$ cat entry_34.tsv   # TSV, N, CA and C atoms
chain	number	residue	atom	x	y	z
O	1	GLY	N	-0.85	-1.39	-3.74
O	1	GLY	CA	-0.43	-0.81	-2.43
O	1	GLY	C	-0.65	0.70	-2.45
O	2	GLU	N	-1.30	1.23	-1.45
O	2	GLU	CA	-1.55	2.70	-1.42
O	2	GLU	C	-1.21	3.26	-0.02
O	3	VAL	N	-2.18	3.44	0.84
O	3	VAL	CA	-1.88	3.98	2.19
O	3	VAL	C	-2.33	3.00	3.28
O	4	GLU	N	-3.10	2.00	2.92
O	4	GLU	CA	-3.56	1.01	3.93
O	4	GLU	C	-2.36	0.42	4.67
O	5	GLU	N	-1.19	0.50	4.09
O	5	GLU	CA	0.02	-0.06	4.76
O	5	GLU	C	0.40	0.78	5.97
O	6	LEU	N	0.47	2.08	5.82
O	6	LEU	CA	0.84	2.95	6.96
O	6	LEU	C	-0.21	2.85	8.07
O	7	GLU	N	-1.45	2.76	7.70
O	7	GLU	CA	-2.53	2.67	8.73
O	7	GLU	C	-2.42	1.36	9.51
O	8	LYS	N	-2.23	0.27	8.82
O	8	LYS	CA	-2.13	-1.04	9.53
O	8	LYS	C	-0.93	-1.06	10.46
O	9	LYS	N	0.21	-0.63	9.99
O	9	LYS	CA	1.41	-0.61	10.87
O	9	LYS	C	1.11	0.26	12.09
O	10	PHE	N	0.25	1.22	11.93
O	10	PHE	CA	-0.10	2.11	13.06
O	10	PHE	C	-0.82	1.33	14.17
O	11	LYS	N	-2.03	0.91	13.93
O	11	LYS	CA	-2.78	0.17	14.98
O	11	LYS	C	-2.06	-1.12	15.39
O	12	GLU	N	-1.17	-1.59	14.57
O	12	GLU	CA	-0.44	-2.84	14.91
O	12	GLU	C	0.67	-2.55	15.92
O	13	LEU	N	1.22	-1.37	15.89
O	13	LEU	CA	2.31	-1.05	16.85
O	13	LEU	C	1.71	-0.68	18.21
O	14	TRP	N	0.56	-0.06	18.23
O	14	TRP	CA	-0.06	0.29	19.54
O	14	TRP	C	-0.53	-0.98	20.24
O	15	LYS	N	-1.17	-1.85	19.51
O	15	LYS	CA	-1.66	-3.11	20.13
O	15	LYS	C	-0.78	-4.28	19.70
O	16	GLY	N	0.31	-4.47	20.38
O	16	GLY	CA	1.24	-5.58	20.03
O	16	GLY	C	2.61	-5.29	20.66
O	17	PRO	N	3.42	-4.57	19.94
O	17	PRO	CA	4.76	-4.20	20.44
O	17	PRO	C	4.63	-3.03	21.43
O	18	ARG	N	5.67	-2.27	21.64
O	18	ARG	CA	5.58	-1.12	22.58
O	18	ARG	C	4.40	-0.22	22.20
O	19	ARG	N	4.24	0.88	22.87
O	19	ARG	CA	3.11	1.79	22.52
O	19	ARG	C	3.49	3.25	22.77
O	20	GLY	N	4.03	3.55	23.92
O	20	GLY	CA	4.42	4.96	24.22
O	20	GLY	C	5.36	5.47	23.13
O	21	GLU	N	6.27	4.65	22.68
O	21	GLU	CA	7.22	5.09	21.62
O	21	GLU	C	6.48	5.31	20.30
O	22	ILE	N	5.43	4.57	20.06
O	22	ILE	CA	4.66	4.74	18.79
O	22	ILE	C	3.95	6.08	18.79
O	23	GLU	N	3.09	6.31	19.74
O	23	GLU	CA	2.36	7.60	19.79
O	23	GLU	C	3.37	8.76	19.82
O	24	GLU	N	4.54	8.52	20.34
O	24	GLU	CA	5.56	9.60	20.35
O	24	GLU	C	5.92	9.92	18.90
O	25	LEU	N	6.08	8.89	18.11
O	25	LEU	CA	6.40	9.10	16.68
O	25	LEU	C	5.27	9.88	16.02
O	26	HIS	N	4.04	9.60	16.38
O	26	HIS	CA	2.90	10.34	15.77
O	26	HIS	C	3.12	11.84	15.97
O	27	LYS	N	3.51	12.26	17.15
O	27	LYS	CA	3.76	13.71	17.36
O	27	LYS	C	4.79	14.18	16.33
O	28	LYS	N	5.81	13.38	16.12
O	28	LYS	CA	6.85	13.75	15.12
O	28	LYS	C	6.20	13.90	13.74
O	29	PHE	N	5.25	13.05	13.42
O	29	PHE	CA	4.57	13.13	12.10
O	29	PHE	C	3.86	14.48	11.97
O	30	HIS	N	3.38	15.02	13.06
O	30	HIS	CA	2.70	16.34	12.97
O	30	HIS	C	3.75	17.39	12.58
O	31	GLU	N	4.92	17.29	13.14
O	31	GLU	CA	6.00	18.25	12.76
O	31	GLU	C	6.70	17.76	11.48
O	32	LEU	N	6.29	16.63	10.97
O	32	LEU	CA	6.90	16.07	9.73
O	32	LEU	C	6.16	16.57	8.49
O	33	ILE	N	4.86	16.61	8.55
O	33	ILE	CA	4.07	17.03	7.36
O	33	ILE	C	3.24	18.28	7.67
O	34	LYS	N	3.20	18.70	8.90
O	34	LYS	CA	2.40	19.92	9.25
O	34	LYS	C	0.97	19.78	8.73
O	35	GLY	N	0.18	20.81	8.85
O	35	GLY	CA	-1.23	20.74	8.36
O	35	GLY	C	-1.68	22.12	7.89
C	1	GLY	N	12.45	-5.73	15.47
C	1	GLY	CA	11.47	-4.77	14.90
C	1	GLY	C	10.83	-3.96	16.04
C	2	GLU	N	10.82	-2.66	15.92
C	2	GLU	CA	10.21	-1.83	16.99
C	2	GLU	C	9.28	-0.77	16.38
C	3	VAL	N	9.74	0.44	16.19
C	3	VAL	CA	8.86	1.49	15.60
C	3	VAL	C	9.46	2.04	14.30
C	4	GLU	N	10.71	1.74	14.04
C	4	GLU	CA	11.35	2.24	12.79
C	4	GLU	C	10.52	1.84	11.57
C	5	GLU	N	9.69	0.84	11.71
C	5	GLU	CA	8.85	0.40	10.56
C	5	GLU	C	7.77	1.44	10.25
C	6	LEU	N	7.06	1.89	11.25
C	6	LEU	CA	5.99	2.90	11.01
C	6	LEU	C	6.60	4.20	10.48
C	7	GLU	N	7.74	4.57	10.98
C	7	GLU	CA	8.39	5.83	10.51
C	7	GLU	C	8.81	5.71	9.05
C	8	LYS	N	9.42	4.62	8.69
C	8	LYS	CA	9.86	4.45	7.27
C	8	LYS	C	8.66	4.45	6.33
C	9	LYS	N	7.64	3.71	6.65
C	9	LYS	CA	6.44	3.70	5.77
C	9	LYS	C	5.90	5.12	5.65
C	10	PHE	N	6.11	5.91	6.65
C	10	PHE	CA	5.62	7.31	6.62
C	10	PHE	C	6.33	8.12	5.53
C	11	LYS	N	7.60	8.40	5.71
C	11	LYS	CA	8.32	9.21	4.68
C	11	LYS	C	8.33	8.51	3.32
C	12	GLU	N	8.08	7.23	3.30
C	12	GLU	CA	8.08	6.50	2.00
C	12	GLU	C	6.78	6.74	1.25
C	13	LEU	N	5.71	6.98	1.96
C	13	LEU	CA	4.41	7.22	1.27
C	13	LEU	C	4.34	8.66	0.78
C	14	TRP	N	4.92	9.59	1.51
C	14	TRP	CA	4.89	11.01	1.05
C	14	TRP	C	5.77	11.16	-0.19
C	15	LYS	N	6.94	10.59	-0.15
C	15	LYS	CA	7.86	10.71	-1.31
C	15	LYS	C	7.89	9.39	-2.08
C	16	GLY	N	6.94	9.19	-2.95
C	16	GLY	CA	6.88	7.93	-3.74
C	16	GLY	C	5.47	7.77	-4.31
C	17	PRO	N	4.61	7.16	-3.54
C	17	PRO	CA	3.21	6.96	-3.96
C	17	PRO	C	2.43	8.27	-3.75
C	18	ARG	N	1.14	8.21	-3.63
C	18	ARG	CA	0.35	9.45	-3.42
C	18	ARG	C	0.91	10.24	-2.23
C	19	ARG	N	0.27	11.31	-1.85
C	19	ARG	CA	0.78	12.10	-0.69
C	19	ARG	C	-0.38	12.74	0.07
C	20	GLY	N	-1.27	13.40	-0.62
C	20	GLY	CA	-2.42	14.05	0.08
C	20	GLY	C	-3.17	13.01	0.91
C	21	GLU	N	-3.34	11.82	0.40
C	21	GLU	CA	-4.07	10.77	1.17
C	21	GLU	C	-3.25	10.34	2.39
C	22	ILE	N	-1.95	10.40	2.30
C	22	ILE	CA	-1.09	10.00	3.45
C	22	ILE	C	-1.24	11.00	4.59
C	23	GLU	N	-0.93	12.24	4.34
C	23	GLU	CA	-1.05	13.27	5.40
C	23	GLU	C	-2.49	13.28	5.93
C	24	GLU	N	-3.44	12.91	5.11
C	24	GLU	CA	-4.84	12.87	5.60
C	24	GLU	C	-4.92	11.80	6.69
C	25	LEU	N	-4.29	10.68	6.45
C	25	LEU	CA	-4.29	9.60	7.47
C	25	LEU	C	-3.64	10.10	8.74
C	26	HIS	N	-2.59	10.89	8.62
C	26	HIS	CA	-1.92	11.42	9.85
C	26	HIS	C	-2.95	12.14	10.72
C	27	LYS	N	-3.80	12.94	10.13
C	27	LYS	CA	-4.84	13.63	10.94
C	27	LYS	C	-5.65	12.57	11.68
C	28	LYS	N	-5.98	11.51	11.00
C	28	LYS	CA	-6.75	10.41	11.66
C	28	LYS	C	-5.95	9.86	12.84
C	29	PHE	N	-4.65	9.76	12.70
C	29	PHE	CA	-3.81	9.23	13.81
C	29	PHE	C	-3.93	10.15	15.02
C	30	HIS	N	-4.12	11.42	14.81
C	30	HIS	CA	-4.27	12.33	15.97
C	30	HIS	C	-5.56	11.99	16.69
C	31	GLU	N	-6.60	11.70	15.95
C	31	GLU	CA	-7.88	11.30	16.60
C	31	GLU	C	-7.85	9.80	16.92
C	32	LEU	N	-6.77	9.13	16.57
C	32	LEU	CA	-6.65	7.67	16.84
C	32	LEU	C	-6.00	7.42	18.20
C	33	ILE	N	-5.00	8.19	18.52
C	33	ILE	CA	-4.28	7.97	19.81
C	33	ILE	C	-4.36	9.22	20.71
C	34	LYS	N	-4.88	10.30	20.20
C	34	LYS	CA	-4.99	11.54	21.03
C	34	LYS	C	-3.63	11.88	21.65
C	35	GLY	N	-3.58	12.87	22.50
C	35	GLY	CA	-2.29	13.25	23.13
C	35	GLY	C	-2.55	13.80	24.54

$ encode --input "entry_34.tsv" --output "structure tokens"
Amino acid sequence: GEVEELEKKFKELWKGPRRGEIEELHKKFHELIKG
Amino acid sequence: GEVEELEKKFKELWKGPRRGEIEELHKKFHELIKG
């Protein structure tokens, strides 16, 4: 197990369950790890 | 199950397994869902 898990949960939440709440979390990830 | 799954896998990959590869994926998420 490496990072393929976080990526799969990503495209799986946009196409399946809700979506607006998912991309909202992505914005949080930008303020979570910065760049 | 809603979005708490993607968030947990997030902070779990930074603090546990590798990390540089995780934040790298986050950049991909920005080009994955745009804003």

$ residues_around --input "entry_34.tsv" --residues "residue C:22" --least-positions-apart "5" --cutoff "6.5 Å" --atoms "only N, CA and C atoms" --output "number ranges by chain"
O: 3; C: 13-14, 27

$ calpha_fit_and_write --input "entry_34.tsv" --fixed "chain O" --moving "chain C" --output "tab-separated table (two decimals) with N, CA and C atoms, in the frame of the given file"
chain	number	residue	atom	x	y	z
C	1	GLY	N	-0.85	-1.39	-3.74
C	1	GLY	CA	-0.43	-0.82	-2.43
C	1	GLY	C	-0.65	0.71	-2.45
C	2	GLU	N	-1.31	1.23	-1.45
C	2	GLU	CA	-1.54	2.70	-1.42
C	2	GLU	C	-1.21	3.26	-0.03
C	3	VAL	N	-2.18	3.44	0.83
C	3	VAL	CA	-1.89	3.98	2.19
C	3	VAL	C	-2.33	3.00	3.28
C	4	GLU	N	-3.10	2.01	2.92
C	4	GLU	CA	-3.56	1.01	3.93
C	4	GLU	C	-2.36	0.42	4.67
C	5	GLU	N	-1.20	0.50	4.09
C	5	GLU	CA	0.01	-0.06	4.76
C	5	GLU	C	0.40	0.78	5.97
C	6	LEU	N	0.47	2.08	5.81
C	6	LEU	CA	0.84	2.95	6.96
C	6	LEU	C	-0.21	2.85	8.07
C	7	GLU	N	-1.45	2.76	7.70
C	7	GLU	CA	-2.53	2.67	8.73
C	7	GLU	C	-2.42	1.36	9.50
C	8	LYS	N	-2.23	0.27	8.82
C	8	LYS	CA	-2.13	-1.04	9.52
C	8	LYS	C	-0.92	-1.06	10.46
C	9	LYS	N	0.21	-0.63	9.99
C	9	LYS	CA	1.41	-0.61	10.87
C	9	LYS	C	1.11	0.26	12.09
C	10	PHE	N	0.26	1.22	11.93
C	10	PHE	CA	-0.10	2.11	13.06
C	10	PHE	C	-0.82	1.33	14.17
C	11	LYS	N	-2.04	0.91	13.92
C	11	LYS	CA	-2.78	0.17	14.99
C	11	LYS	C	-2.06	-1.12	15.39
C	12	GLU	N	-1.17	-1.59	14.57
C	12	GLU	CA	-0.44	-2.84	14.91
C	12	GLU	C	0.67	-2.56	15.91
C	13	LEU	N	1.22	-1.37	15.89
C	13	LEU	CA	2.31	-1.05	16.85
C	13	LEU	C	1.72	-0.69	18.21
C	14	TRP	N	0.56	-0.06	18.23
C	14	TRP	CA	-0.06	0.30	19.54
C	14	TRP	C	-0.52	-0.98	20.24
C	15	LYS	N	-1.17	-1.85	19.51
C	15	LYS	CA	-1.67	-3.10	20.12
C	15	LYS	C	-0.78	-4.27	19.70
C	16	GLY	N	0.31	-4.47	20.38
C	16	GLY	CA	1.24	-5.57	20.03
C	16	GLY	C	2.61	-5.29	20.66
C	17	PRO	N	3.43	-4.57	19.94
C	17	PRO	CA	4.77	-4.20	20.44
C	17	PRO	C	4.63	-3.03	21.43
C	18	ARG	N	5.67	-2.28	21.64
C	18	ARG	CA	5.58	-1.13	22.58
C	18	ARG	C	4.40	-0.23	22.20
C	19	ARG	N	4.23	0.88	22.87
C	19	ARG	CA	3.10	1.79	22.52
C	19	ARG	C	3.49	3.25	22.77
C	20	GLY	N	4.03	3.55	23.92
C	20	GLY	CA	4.42	4.96	24.21
C	20	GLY	C	5.36	5.46	23.13
C	21	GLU	N	6.27	4.65	22.67
C	21	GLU	CA	7.22	5.09	21.61
C	21	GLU	C	6.48	5.31	20.29
C	22	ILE	N	5.43	4.58	20.06
C	22	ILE	CA	4.66	4.74	18.79
C	22	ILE	C	3.94	6.08	18.78
C	23	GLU	N	3.09	6.31	19.74
C	23	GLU	CA	2.36	7.60	19.79
C	23	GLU	C	3.37	8.76	19.82
C	24	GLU	N	4.54	8.52	20.35
C	24	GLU	CA	5.56	9.60	20.36
C	24	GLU	C	5.92	9.91	18.90
C	25	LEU	N	6.08	8.89	18.11
C	25	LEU	CA	6.40	9.10	16.68
C	25	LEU	C	5.28	9.88	16.02
C	26	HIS	N	4.04	9.59	16.38
C	26	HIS	CA	2.90	10.35	15.77
C	26	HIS	C	3.11	11.85	15.97
C	27	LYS	N	3.52	12.26	17.14
C	27	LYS	CA	3.77	13.71	17.36
C	27	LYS	C	4.80	14.17	16.33
C	28	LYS	N	5.81	13.38	16.12
C	28	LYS	CA	6.85	13.75	15.11
C	28	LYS	C	6.20	13.90	13.74
C	29	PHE	N	5.24	13.05	13.42
C	29	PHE	CA	4.57	13.13	12.10
C	29	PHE	C	3.86	14.48	11.98
C	30	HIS	N	3.38	15.02	13.06
C	30	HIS	CA	2.71	16.34	12.97
C	30	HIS	C	3.74	17.38	12.59
C	31	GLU	N	4.92	17.29	13.14
C	31	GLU	CA	5.99	18.25	12.76
C	31	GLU	C	6.70	17.76	11.49
C	32	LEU	N	6.28	16.62	10.97
C	32	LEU	CA	6.90	16.07	9.73
C	32	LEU	C	6.16	16.56	8.49
C	33	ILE	N	4.86	16.61	8.56
C	33	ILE	CA	4.07	17.03	7.36
C	33	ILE	C	3.23	18.28	7.67
C	34	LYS	N	3.19	18.70	8.90
C	34	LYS	CA	2.40	19.92	9.25
C	34	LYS	C	0.97	19.78	8.73
C	35	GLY	N	0.17	20.81	8.85
C	35	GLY	CA	-1.23	20.74	8.37
C	35	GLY	C	-1.68	22.12	7.89

$ atom_distance --input "entry_34.tsv" --atom1 "atom CA of residue C:31" --atom2 "atom CA of residue C:1"
25.2 Å

$ closest_atom_pairs --input "entry_34.tsv" --of "chain C" --to "chain O" --cutoff "8 Å" --atoms "only C-alpha atoms" --output "Markdown table"
| residue | atom | partner | partner_atom | distance |
| --- | --- | --- | --- | --- |
| C:2 | CA | O:17 | CA | 6.9 |
| C:3 | CA | O:22 | CA | 6.2 |
| C:5 | CA | O:9 | CA | 7.5 |
| C:6 | CA | O:9 | CA | 5.8 |
| C:7 | CA | O:25 | CA | 7.3 |
| C:9 | CA | O:6 | CA | 5.8 |
| C:10 | CA | O:6 | CA | 6.5 |
| C:13 | CA | O:3 | CA | 7.1 |
| C:17 | CA | O:2 | CA | 6.9 |
| C:18 | CA | O:2 | CA | 7.3 |
| C:21 | CA | O:3 | CA | 7.2 |
| C:22 | CA | O:3 | CA | 6.2 |
| C:23 | CA | O:33 | CA | 6.6 |
| C:25 | CA | O:7 | CA | 7.3 |
| C:26 | CA | O:29 | CA | 7.1 |
| C:29 | CA | O:26 | CA | 7.1 |
| C:30 | CA | O:26 | CA | 7.4 |
| C:33 | CA | O:23 | CA | 6.7 |
